[PDB]
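Chemist: Sharing the initial chains of the complex here, in place:
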Amino acid sequence: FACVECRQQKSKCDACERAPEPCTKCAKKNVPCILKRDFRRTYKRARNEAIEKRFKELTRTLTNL
Amino acid sequence: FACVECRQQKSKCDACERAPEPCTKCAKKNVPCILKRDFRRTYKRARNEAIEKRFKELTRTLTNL
């Protein structure tokens, strides 16, 4: 299937192929090419966007309590 | 100089040139091509990264107070 990272960037991951050797892209990056079949990319943008929104209110809370 | 957005993505902005008409890239995007000579791109990545770190502690605070 796809190495976590490649799954993250939805980029062609060539694991199975290039044997025990970590995924190619994970080369250039030189990172732990993990294989968690049950992994699903994080939607960074949207995510952090939520984060910031949340973190906001909290302050506006401190604007009171 | 450079339209805020182009400044944001550090991308060639062609304002002065293409007259009163909003910057080109700001076309594809169709956004308010503002010109705030005193603007400086936000470092999204690094930024939000700080945010998250901060927002974290706060919770670990709530893990007490």
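Modeler: Cool, got the structure. Numbering: from 1, shown residues only, chains lettered A, B, ... in the order given.
Chemist: give me every residue that touches the residue lying closest to residue A:6 once chain neighbours are set aside.
Modeler: Leaving aside its sequence neighbours, residue A:6 sits nearest to residue A:13 (CB to CB, 6 or more residues apart in numbering or on different chains; 2.9 Å). C-betas here are computed from N, CA, C, even on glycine. Contacts here follow CB atoms under 8 Å, 6 or more residues apart in numbering or on different chains; on that basis residue A:13 touches A:1-3, A:5-7, A:23-26.
Chemist: Remind me which helix or strand residue A:46 belongs to.
Modeler: Using DSSP states H and E, residue A:46 maps to helix A:44-62.
Chemist: wait, I meant residue A:23
Modeler: Using DSSP H and E, residue A:23 falls within no helix or strand.
Chemist: attach DNA strand C to the model above:
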DNA sequence: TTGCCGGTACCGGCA
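Modeler: Time to bring in DNA strand C:
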């Protein structure tokens, strides 16, 4: 102080 290139990081969709 400030413009942009050359190169990743991300992602919306389309299989």
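Chemist: Pull out the buried positions in the helix holding residue A:46.
Modeler: Buried residues in helix A:44-62, counted by 16 or more other CB atoms under 10 Å in any protein chain shown: A:48, A:55.
Chemist: Which elements pack onto that helix?
Modeler: In terms of contacts (3 or more CB pairs under 8 Å, 6 or more residues apart in numbering or on different chains; DSSP states H and E), helix A:44-62 is packed against helix B:44-62.
Chemist: what's the helix it packs on in contact with?
Modeler: Identification of contacts with helix B:44-62 by CB under 8 Å, 6+ apart yields A:48, A:51-52, A:54-55, A:58.
Chemist: Now for the residues you listed: which two are most distant?
Modeler: Using CB to CB, the contacts of helix B:44-62 reach their maximum pairwise distance at A:48 and A:58, which is 15.3 Å.
Chemist: Sequence for DNA strand D below, add it please:
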DNA sequence: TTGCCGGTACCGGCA
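Modeler: One more chain to add, DNA strand D, which I have set with the ones above:
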């Protein structure tokens, strides 16, 4: 339930 292309969004640096 997923692999990935095609197209932005971001940025580290080098002027």
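Chemist: ok so, going back, centre of the chain to the helix holding residue A:46, how far?
Modeler: Distance, stretch centre to chain centre, for helix A:44-62: 19 Å (CA atoms, centre = their mean, to the nearest Å).
Chemist: With only the CA atoms kept, save it in PDB.
Modeler: Provided in PDB are the C-alpha atoms of helix A:44-62 (Å, rounded to 0.1, in the frame of the first residue of the first chain):
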ATOM      1  CA  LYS A  44      -3.300  20.200   8.100                       C
ATOM      2  CA  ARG A  45      -4.800  23.300   6.600                       C
ATOM      3  CA  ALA A  46      -8.400  22.800   7.700                       C
ATOM      4  CA  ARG A  47      -7.200  21.300  10.900                       C
ATOM      5  CA  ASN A  48      -5.000  24.100  12.200                       C
ATOM      6  CA  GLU A  49      -7.700  26.400  11.000                       C
ATOM      7  CA  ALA A  50     -10.100  24.800  13.400                       C
ATOM      8  CA  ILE A  51      -7.400  24.800  16.100                       C
ATOM      9  CA  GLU A  52      -6.900  28.600  15.800                       C
ATOM     10  CA  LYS A  53     -10.600  29.100  15.900                       C
ATOM     11  CA  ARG A  54     -10.900  27.100  19.100                       C
ATOM     12  CA  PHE A  55      -7.800  28.600  20.800                       C
ATOM     13  CA  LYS A  56      -9.400  31.900  20.000                       C
ATOM     14  CA  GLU A  57     -12.700  31.600  22.000                       C
ATOM     15  CA  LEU A  58     -10.700  30.300  24.900                       C
ATOM     16  CA  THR A  59      -9.000  33.700  25.100                       C
ATOM     17  CA  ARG A  60     -12.300  35.500  24.700                       C
ATOM     18  CA  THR A  61     -13.300  33.300  27.600                       C
ATOM     19  CA  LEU A  62     -10.300  34.700  29.600                       C
END
